[PDB]
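K.L.:
Here it is, the structure, as structure tokens.
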Amino acid sequence: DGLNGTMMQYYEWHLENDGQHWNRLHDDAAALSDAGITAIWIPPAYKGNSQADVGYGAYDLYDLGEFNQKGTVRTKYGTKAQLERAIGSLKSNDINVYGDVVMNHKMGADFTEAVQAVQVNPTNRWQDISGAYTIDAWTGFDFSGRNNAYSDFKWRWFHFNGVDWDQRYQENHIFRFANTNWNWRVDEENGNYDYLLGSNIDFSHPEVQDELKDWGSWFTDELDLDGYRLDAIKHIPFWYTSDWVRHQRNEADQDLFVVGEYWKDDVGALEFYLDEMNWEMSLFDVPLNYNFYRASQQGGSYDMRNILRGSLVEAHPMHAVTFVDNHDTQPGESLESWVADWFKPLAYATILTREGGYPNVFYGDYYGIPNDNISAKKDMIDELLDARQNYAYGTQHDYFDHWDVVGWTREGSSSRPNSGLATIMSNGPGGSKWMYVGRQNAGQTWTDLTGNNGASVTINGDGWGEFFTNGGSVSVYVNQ
Ligand code: NA
Ligand code: NA
Ligand code: NA
């Protein structure tokens, strides 16, 4: 019903390996719906390297915590039945389910295999640094415990094209299988960034292309997904991802949202990928992530006018999925770029109250990251979910005119009661700003949903009001 959409990544890196996360999801369903969350992005739901695996150390894409494999029956999140019980709850509470899809590699092979390989230069995979010789890579996959349920396809070295560990002499190197080429096209950082970690899948092989397509469909029907969150797609040949997506949509009756993770602080790089994609999917706004990050590290000196400059959402707010942080960017992880507590309220307001982009709430922020003493920001985020769910509607008006104090407004829509809002904030000494909000809201008295400013702004006859904000804070006034 014209209700704004808000997605949530329901997991964080340091979640407990108590296998109870799927059940948590099943109970938090309504609460989440109620708060303004319309779609949940679940973590990899299939068997990883080990049970405590977050999901990216993917081993058996058909084992959704149903078969005793890799030292466990359940995944870190729980069993298959508990996942299905969860997804059912979400559906009943009007929440779409987007599954995380890991096709770039595989890890936890059951046995090694003799393979001709050459060492490449880590900074330029095009350049070999050694001659061809036999290495013992972990490429054999039999999924013994599964017993061929759903699929009897087994993986062998000739399906991959590279690994980063030779078991024969036990050394680390970026090995390209001899007589195999690095996937293409793929991100050109390090020359060719096809290889990332684990056993890298070579998509040039038709039996691979069809197996993952076949799996994708199996997966999508089995869990009744409503979309996907495509992982590490910058290391996966672009053509195949576009291929896979089209194939997937072709097989499913239900619609399929598709956000891909092309991790590069470069909107151009993302735009390019969306060209080859024919904009048939959105991408996580990674430049925005680093914009917020820079602002958080830098302090007030950061010029708030260039906060959206460079973001993907600025350029293509229709194929953008905005967020503040995730499991990769949280403290201590691989793509760390954590937004500090002080600026995090400002960032969330930016992606949750503006009209562009598809905003995503991070579990680690909502409920907190105990591991690192990071407090649950639930209170601050709910008020903003309230903002987006009931007020952030109608014509927008921006004011990125000052280097500290900046803001924007939404006139509201006649189709949604008392909607309409005005966001004001400052990353430095506070202040106020005269902003337009629609001559139709004249006479109204607006107040701050976050409670960071007791100002009570009244809209004059011209539809104008002067809004205030304290230093390094953000307020969101609405007709409440
Ligand atoms: Na790859
Ligand atoms: Na960030
Ligand atoms: Na500033």
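Labels used: A, B, ... for chains in the order of the structure tokens, numbers from 1 for residues in each chain, and numbers from 1 for ligands as shown.
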List the spatial neighbours of residue 301 of chain A as a count of residues only - criterion: any atom at most 12 Å away, only C-alpha atoms, same-chain residues fewer than 4 positions off excluded.
P.N.:
13
K.L.:
Using only C-alpha atoms, tabulate the residues of segment 9-84 of chain A lying at most 9 Å from any atom of segment 229-237 of chain A, each with its closest atom pair and that distance in Å to one decimal, by chain and increasing residue number, as a Markdown table.
P.N.:
```
| residue | atom | partner | partner_atom | distance |
| --- | --- | --- | --- | --- |
| A:41 | CA | A:229 | CA | 7.2 |
| A:42 | CA | A:229 | CA | 8.7 |
| A:56 | CA | A:231 | CA | 8.6 |
```
K.L.:
Counting only C-alpha atoms and all ligand atoms, which of A:331, A:55, A:431, A:417 gets nearest to ligand 3?
P.N.:
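With only C-alpha atoms and all ligand atoms as the atom set, the closest residue is A:431.
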K.L.:
Determine the nearest neighbour of ligand 2 from the options A:289, A:75, A:419, A:330, counting only C-alpha atoms and all ligand atoms.
P.N.:
A:289
K.L.:
Once you count only C-alpha atoms and all ligand atoms, which residues end up within 8 Å of ligand 1, and could you hand them over as number ranges by chain?
P.N.:
A: 104-105, 182-183, 186, 193-196, 200-202, 233-237
K.L.:
Can you write just those residues out, N, CA, C and O atoms, as a JSON list (two decimals), in the first residue's frame?
P.N.:
```json
[["chain", "number", "residue", "atom", "x", "y", "z"],
["A", 104, "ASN", "N", 30.81, -17.60, -5.82],
["A", 104, "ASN", "CA", 32.17, -17.31, -6.24],
["A", 104, "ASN", "C", 33.17, -18.42, -6.01],
["A", 104, "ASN", "O", 34.12, -18.58, -6.79],
["A", 105, "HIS", "N", 32.97, -19.19, -4.94],
["A", 105, "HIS", "CA", 33.90, -20.25, -4.58],
["A", 105, "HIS", "C", 33.24, -21.33, -3.74],
["A", 105, "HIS", "O", 32.02, -21.36, -3.55],
["A", 182, "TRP", "N", 41.72, -17.09, -15.99],
["A", 182, "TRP", "CA", 41.00, -16.41, -14.92],
["A", 182, "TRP", "C", 39.67, -16.01, -15.53],
["A", 182, "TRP", "O", 39.63, -15.67, -16.72],
["A", 183, "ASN", "N", 38.59, -16.07, -14.75],
["A", 183, "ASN", "CA", 37.27, -15.69, -15.25],
["A", 183, "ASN", "C", 37.31, -14.29, -15.87],
["A", 183, "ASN", "O", 38.21, -13.48, -15.58],
["A", 186, "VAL", "N", 35.76, -9.55, -15.05],
["A", 186, "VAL", "CA", 35.71, -9.41, -13.59],
["A", 186, "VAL", "C", 36.46, -8.14, -13.20],
["A", 186, "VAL", "O", 37.16, -7.55, -14.02],
["A", 193, "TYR", "N", 40.84, -9.77, -10.68],
["A", 193, "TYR", "CA", 40.41, -10.11, -9.33],
["A", 193, "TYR", "C", 39.44, -11.28, -9.28],
["A", 193, "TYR", "O", 38.57, -11.35, -8.40],
["A", 194, "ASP", "N", 39.57, -12.19, -10.24],
["A", 194, "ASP", "CA", 38.70, -13.36, -10.26],
["A", 194, "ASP", "C", 38.93, -14.19, -9.01],
["A", 194, "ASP", "O", 37.98, -14.66, -8.38],
["A", 195, "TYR", "N", 40.20, -14.35, -8.62],
["A", 195, "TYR", "CA", 40.51, -15.14, -7.44],
["A", 195, "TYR", "C", 40.45, -14.34, -6.15],
["A", 195, "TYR", "O", 41.09, -13.29, -6.03],
["A", 196, "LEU", "N", 39.70, -14.86, -5.18],
["A", 196, "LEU", "CA", 39.58, -14.20, -3.90],
["A", 196, "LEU", "C", 40.05, -15.12, -2.78],
["A", 196, "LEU", "O", 41.03, -14.82, -2.10],
["A", 200, "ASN", "N", 38.30, -21.36, -6.31],
["A", 200, "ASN", "CA", 37.62, -20.46, -7.23],
["A", 200, "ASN", "C", 37.01, -21.19, -8.41],
["A", 200, "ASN", "O", 37.70, -21.84, -9.19],
["A", 201, "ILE", "N", 35.69, -21.04, -8.54],
["A", 201, "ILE", "CA", 34.90, -21.65, -9.61],
["A", 201, "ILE", "C", 35.13, -21.02, -10.99],
["A", 201, "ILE", "O", 35.11, -19.80, -11.14],
["A", 202, "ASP", "N", 35.36, -21.87, -11.99],
["A", 202, "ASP", "CA", 35.57, -21.40, -13.36],
["A", 202, "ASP", "C", 34.24, -21.55, -14.09],
["A", 202, "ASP", "O", 33.79, -22.66, -14.32],
["A", 233, "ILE", "N", 30.05, -10.54, -6.18],
["A", 233, "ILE", "CA", 29.87, -10.47, -7.63],
["A", 233, "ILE", "C", 30.92, -9.70, -8.42],
["A", 233, "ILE", "O", 30.81, -9.61, -9.64],
["A", 234, "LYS", "N", 31.93, -9.15, -7.76],
["A", 234, "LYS", "CA", 32.95, -8.43, -8.51],
["A", 234, "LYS", "C", 34.07, -9.38, -8.86],
["A", 234, "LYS", "O", 34.99, -9.03, -9.60],
["A", 235, "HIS", "N", 33.99, -10.59, -8.32],
["A", 235, "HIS", "CA", 35.00, -11.62, -8.55],
["A", 235, "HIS", "C", 34.41, -12.69, -9.43],
["A", 235, "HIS", "O", 35.10, -13.62, -9.82],
["A", 236, "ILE", "N", 33.11, -12.56, -9.71],
["A", 236, "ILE", "CA", 32.39, -13.51, -10.55],
["A", 236, "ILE", "C", 32.21, -12.94, -11.96],
["A", 236, "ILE", "O", 31.72, -11.83, -12.12],
["A", 237, "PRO", "N", 32.61, -13.71, -13.00],
["A", 237, "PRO", "CA", 32.44, -13.17, -14.36],
["A", 237, "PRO", "C", 31.08, -12.49, -14.48],
["A", 237, "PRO", "O", 30.05, -13.10, -14.19]]
```
K.L.:
Please report, as JSON lines, each residue of chain A lying at most 9 Å from ligand 2, together with the nearest pair of atoms and the separation in Å rounded to one decimal; use only C-alpha atoms and all ligand atoms, and order rows by chain and ascending residue number.
P.N.:
```
{"residue": "A:286", "atom": "CA", "partner": "ligand 2", "partner_atom_place_in_ligand_line": "1 (Na)", "distance": 8.1}
{"residue": "A:287", "atom": "CA", "partner": "ligand 2", "partner_atom_place_in_ligand_line": "1 (Na)", "distance": 8.9}
{"residue": "A:288", "atom": "CA", "partner": "ligand 2", "partner_atom_place_in_ligand_line": "1 (Na)", "distance": 7.5}
{"residue": "A:289", "atom": "CA", "partner": "ligand 2", "partner_atom_place_in_ligand_line": "1 (Na)", "distance": 4.0}
{"residue": "A:290", "atom": "CA", "partner": "ligand 2", "partner_atom_place_in_ligand_line": "1 (Na)", "distance": 5.2}
{"residue": "A:291", "atom": "CA", "partner": "ligand 2", "partner_atom_place_in_ligand_line": "1 (Na)", "distance": 7.3}
{"residue": "A:292", "atom": "CA", "partner": "ligand 2", "partner_atom_place_in_ligand_line": "1 (Na)", "distance": 5.5}
{"residue": "A:293", "atom": "CA", "partner": "ligand 2", "partner_atom_place_in_ligand_line": "1 (Na)", "distance": 4.5}
{"residue": "A:294", "atom": "CA", "partner": "ligand 2", "partner_atom_place_in_ligand_line": "1 (Na)", "distance": 8.1}
{"residue": "A:296", "atom": "CA", "partner": "ligand 2", "partner_atom_place_in_ligand_line": "1 (Na)", "distance": 8.5}
{"residue": "A:323", "atom": "CA", "partner": "ligand 2", "partner_atom_place_in_ligand_line": "1 (Na)", "distance": 8.0}
{"residue": "A:324", "atom": "CA", "partner": "ligand 2", "partner_atom_place_in_ligand_line": "1 (Na)", "distance": 5.1}
{"residue": "A:325", "atom": "CA", "partner": "ligand 2", "partner_atom_place_in_ligand_line": "1 (Na)", "distance": 4.9}
{"residue": "A:326", "atom": "CA", "partner": "ligand 2", "partner_atom_place_in_ligand_line": "1 (Na)", "distance": 8.1}
{"residue": "A:329", "atom": "CA", "partner": "ligand 2", "partner_atom_place_in_ligand_line": "1 (Na)", "distance": 6.5}
{"residue": "A:330", "atom": "CA", "partner": "ligand 2", "partner_atom_place_in_ligand_line": "1 (Na)", "distance": 8.4}
{"residue": "A:336", "atom": "CA", "partner": "ligand 2", "partner_atom_place_in_ligand_line": "1 (Na)", "distance": 7.8}
{"residue": "A:337", "atom": "CA", "partner": "ligand 2", "partner_atom_place_in_ligand_line": "1 (Na)", "distance": 4.7}
{"residue": "A:338", "atom": "CA", "partner": "ligand 2", "partner_atom_place_in_ligand_line": "1 (Na)", "distance": 5.0}
{"residue": "A:339", "atom": "CA", "partner": "ligand 2", "partner_atom_place_in_ligand_line": "1 (Na)", "distance": 5.1}
{"residue": "A:340", "atom": "CA", "partner": "ligand 2", "partner_atom_place_in_ligand_line": "1 (Na)", "distance": 8.9}
{"residue": "A:344", "atom": "CA", "partner": "ligand 2", "partner_atom_place_in_ligand_line": "1 (Na)", "distance": 9.0}
{"residue": "A:347", "atom": "CA", "partner": "ligand 2", "partner_atom_place_in_ligand_line": "1 (Na)", "distance": 8.9}
```
K.L.:
For the residues selected in the previous step, produce a file with N, CA and C atoms as an mmCIF file, in the first residue's frame.
P.N.:
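Contents of part_6.cif, as written:
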```
data_model
loop_
_atom_site.group_PDB
_atom_site.id
_atom_site.type_symbol
_atom_site.label_atom_id
_atom_site.label_comp_id
_atom_site.auth_asym_id
_atom_site.auth_seq_id
_atom_site.Cartn_x
_atom_site.Cartn_y
_atom_site.Cartn_z
ATOM 1 N N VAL A 286 28.197 1.052 -1.931
ATOM 2 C CA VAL A 286 29.477 1.019 -1.245
ATOM 3 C C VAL A 286 30.193 2.375 -1.180
ATOM 4 N N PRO A 287 29.988 3.254 -2.177
ATOM 5 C CA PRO A 287 30.696 4.531 -2.044
ATOM 6 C C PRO A 287 30.081 5.317 -0.880
ATOM 7 N N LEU A 288 28.759 5.227 -0.747
ATOM 8 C CA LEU A 288 28.074 5.913 0.335
ATOM 9 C C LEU A 288 28.640 5.409 1.657
ATOM 10 N N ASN A 289 28.809 4.092 1.777
ATOM 11 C CA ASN A 289 29.370 3.485 2.988
ATOM 12 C C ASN A 289 30.662 4.195 3.399
ATOM 13 N N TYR A 290 31.556 4.403 2.434
ATOM 14 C CA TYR A 290 32.822 5.077 2.697
ATOM 15 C C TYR A 290 32.672 6.593 2.825
ATOM 16 N N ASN A 291 31.557 7.133 2.340
ATOM 17 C CA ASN A 291 31.324 8.562 2.503
ATOM 18 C C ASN A 291 31.050 8.743 4.005
ATOM 19 N N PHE A 292 30.088 7.978 4.519
ATOM 20 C CA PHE A 292 29.757 8.017 5.933
ATOM 21 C C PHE A 292 31.033 7.750 6.710
ATOM 22 N N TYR A 293 31.765 6.715 6.316
ATOM 23 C CA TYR A 293 32.987 6.375 7.023
ATOM 24 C C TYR A 293 33.933 7.558 7.132
ATOM 25 N N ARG A 294 34.220 8.203 6.004
ATOM 26 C CA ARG A 294 35.119 9.361 5.992
ATOM 27 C C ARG A 294 34.608 10.442 6.932
ATOM 28 N N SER A 296 32.760 10.058 9.588
ATOM 29 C CA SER A 296 32.907 9.574 10.966
ATOM 30 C C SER A 296 34.330 9.701 11.509
ATOM 31 N N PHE A 323 22.895 1.569 3.024
ATOM 32 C CA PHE A 323 23.152 0.987 4.339
ATOM 33 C C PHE A 323 24.276 1.773 5.033
ATOM 34 N N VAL A 324 24.468 1.538 6.334
ATOM 35 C CA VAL A 324 25.518 2.231 7.083
ATOM 36 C C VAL A 324 26.705 1.296 7.364
ATOM 37 N N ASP A 325 26.428 0.029 7.653
ATOM 38 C CA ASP A 325 27.494 -0.947 7.894
ATOM 39 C C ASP A 325 26.975 -2.386 7.791
ATOM 40 N N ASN A 326 27.893 -3.348 7.765
ATOM 41 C CA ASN A 326 27.535 -4.770 7.713
ATOM 42 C C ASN A 326 28.617 -5.615 8.375
ATOM 43 N N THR A 329 32.175 -4.681 7.386
ATOM 44 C CA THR A 329 32.655 -3.379 7.848
ATOM 45 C C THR A 329 32.699 -3.205 9.357
ATOM 46 N N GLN A 330 32.094 -4.126 10.105
ATOM 47 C CA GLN A 330 32.109 -3.975 11.550
ATOM 48 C C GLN A 330 33.531 -4.168 12.054
ATOM 49 N N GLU A 336 36.419 -3.547 7.117
ATOM 50 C CA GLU A 336 36.117 -2.612 8.180
ATOM 51 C C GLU A 336 36.080 -1.180 7.684
ATOM 52 N N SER A 337 35.040 -0.471 8.107
ATOM 53 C CA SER A 337 34.813 0.928 7.759
ATOM 54 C C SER A 337 33.641 1.381 8.642
ATOM 55 N N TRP A 338 33.736 0.992 9.907
ATOM 56 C CA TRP A 338 32.729 1.248 10.926
ATOM 57 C C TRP A 338 32.397 2.704 11.210
ATOM 58 N N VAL A 339 31.111 3.029 11.145
ATOM 59 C CA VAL A 339 30.669 4.382 11.436
ATOM 60 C C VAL A 339 30.501 4.455 12.951
ATOM 61 N N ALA A 340 31.168 5.426 13.575
ATOM 62 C CA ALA A 340 31.107 5.599 15.027
ATOM 63 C C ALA A 340 29.708 5.930 15.539
ATOM 64 N N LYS A 344 26.580 7.683 13.412
ATOM 65 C CA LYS A 344 25.640 6.655 12.971
ATOM 66 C C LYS A 344 24.173 7.079 12.967
ATOM 67 N N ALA A 347 23.821 9.092 9.633
ATOM 68 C CA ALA A 347 23.836 8.225 8.467
ATOM 69 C C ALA A 347 22.486 7.534 8.283
#
```
K.L.:
Counting only C-alpha atoms, which of A:22, A:143, A:215, A:138 gets nearest to residue 82 of chain A?
P.N.:
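Under the stated criterion, the closest residue is A:22.
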K.L.:
Skipping near chain neighbours, those fewer than 6 positions away, what residues fall within 7 Å of residue 457 of chain A using only C-alpha atoms, listed as a list in words?
P.N.:
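Counting only C-alpha atoms, the residues come to residues 445, 446, 447, 465, 466 and 467 of chain A.
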K.L.:
Tell me, as a list in words, which residues lie within 8 Å of residue 469 of chain A, counting only C-alpha atoms; anything in the same chain fewer than 5 positions away does not count.
P.N.:
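The contact residues come out as residues 405, 424, 425, 426, 430, 431, 432, 452, 453, 474 and 475 of chain A.
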K.L.:
Which residue out of A:213, A:70, A:76, A:309 has the minimum interatomic distance to residue 12 of chain A when only C-alpha atoms are used?
P.N.:
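Result for the nearest residue to residue 12 of chain A: A:76.
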K.L.:
Could you check which of A:258, A:238, A:108, A:54 is closest to residue 276 of chain A, using only C-alpha atoms?
P.N.:
A:238
K.L.:
Of the residues A:406, A:256, A:120, A:102, which is the one nearest to ligand 3, using only C-alpha atoms and all ligand atoms?
P.N.:
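Checking each of A:406, A:256, A:120, A:102 against ligand 3, counting only C-alpha atoms and all ligand atoms, the winner is A:406.
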K.L.:
From a DSSP calculation on the backbone, collect every residue of segment 90-135 of chain A in strand (DSSP E or B) and output the set as a list in words.
P.N.:
residues 96, 97, 98, 99, 100, 101, 105, 106, 111, 112, 113, 114, 115, 116, 117, 118, 119, 120, 121, 124, 125, 126, 127, 128, 133, 134 and 135 of chain A
K.L.:
Can I get the selected residues back with C-alpha atoms, as an mmCIF file, in the first residue's frame?
P.N.:
```
data_model
loop_
_atom_site.group_PDB
_atom_site.id
_atom_site.type_symbol
_atom_site.label_atom_id
_atom_site.label_comp_id
_atom_site.auth_asym_id
_atom_site.auth_seq_id
_atom_site.Cartn_x
_atom_site.Cartn_y
_atom_site.Cartn_z
ATOM 1 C CA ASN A 96 9.926 -10.548 1.948
ATOM 2 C CA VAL A 97 12.821 -12.956 2.241
ATOM 3 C CA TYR A 98 16.007 -12.343 0.262
ATOM 4 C CA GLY A 99 18.509 -15.194 0.399
ATOM 5 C CA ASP A 100 22.270 -14.615 0.469
ATOM 6 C CA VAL A 101 23.846 -16.389 -2.522
ATOM 7 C CA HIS A 105 33.904 -20.252 -4.577
ATOM 8 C CA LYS A 106 33.665 -23.307 -2.362
ATOM 9 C CA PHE A 111 39.793 -34.448 -0.325
ATOM 10 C CA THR A 112 42.676 -33.043 -2.376
ATOM 11 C CA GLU A 113 43.617 -33.679 -6.014
ATOM 12 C CA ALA A 114 46.865 -33.493 -8.011
ATOM 13 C CA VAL A 115 46.729 -30.398 -10.206
ATOM 14 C CA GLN A 116 49.110 -28.620 -12.579
ATOM 15 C CA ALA A 117 49.417 -25.058 -11.342
ATOM 16 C CA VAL A 118 51.431 -21.882 -11.746
ATOM 17 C CA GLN A 119 52.098 -19.192 -9.156
ATOM 18 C CA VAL A 120 50.780 -15.755 -10.070
ATOM 19 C CA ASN A 121 51.657 -12.298 -8.832
ATOM 20 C CA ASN A 124 48.609 -8.799 -10.897
ATOM 21 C CA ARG A 125 47.111 -12.258 -11.452
ATOM 22 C CA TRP A 126 47.867 -11.903 -15.150
ATOM 23 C CA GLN A 127 51.567 -12.317 -14.331
ATOM 24 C CA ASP A 128 52.958 -15.766 -13.480
ATOM 25 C CA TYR A 133 54.142 -27.836 -11.374
ATOM 26 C CA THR A 134 51.917 -30.267 -9.523
ATOM 27 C CA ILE A 135 50.163 -29.084 -6.363
#
```
K.L.:
Quick one: everything within 8 Å of segment 353-362 of chain A, counting only C-alpha atoms, minus sequence neighbours fewer than 2 positions away in the same chain. Send it as a VMD selection string.
P.N.:
chain A and resid 5 to 12 313 to 314 317 to 326 349 to 351 364 to 366 384 387 to 388 392 to 393 396 408 423
K.L.:
Identify, on the basis of only C-alpha atoms, every residue whose closest approach to segment 203-207 of chain A does not exceed 9 Å; exclude the query and any residue fewer than 4 positions from it along the same chain; express the result as a list in words.
P.N.:
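Answer for this query is residues 158, 159, 160, 181, 183, 184, 211, 212, 236, 237 and 240 of chain A.
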K.L.:
Just give me the gap between atom CA of residue 88 of chain A and atom CA of residue 363 of chain A in Å, one decimal is fine.
P.N.:
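If I compute the distance from atom CA of residue 88 of chain A to atom CA of residue 363 of chain A, I get 20.2 Å.
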K.L.:
So that I can check the surroundings of residue 146 of chain A, please list as an MDAnalysis selection string every protein, DNA and RNA residue that reaches within 8 Å of it, counting only C-alpha atoms and ignoring chain neighbours fewer than 5 positions away.
P.N.:
chainID A and resid 63 67:69
K.L.:
Could you give me, as number ranges by chain, each residue of segment 151-323 of chain A that DSSP assigns to helix (DSSP H, G or I) when run on this structure's backbone?
P.N.:
A: 157-159, 206-223, 238-251, 267-277, 286-298, 304-306, 312-315
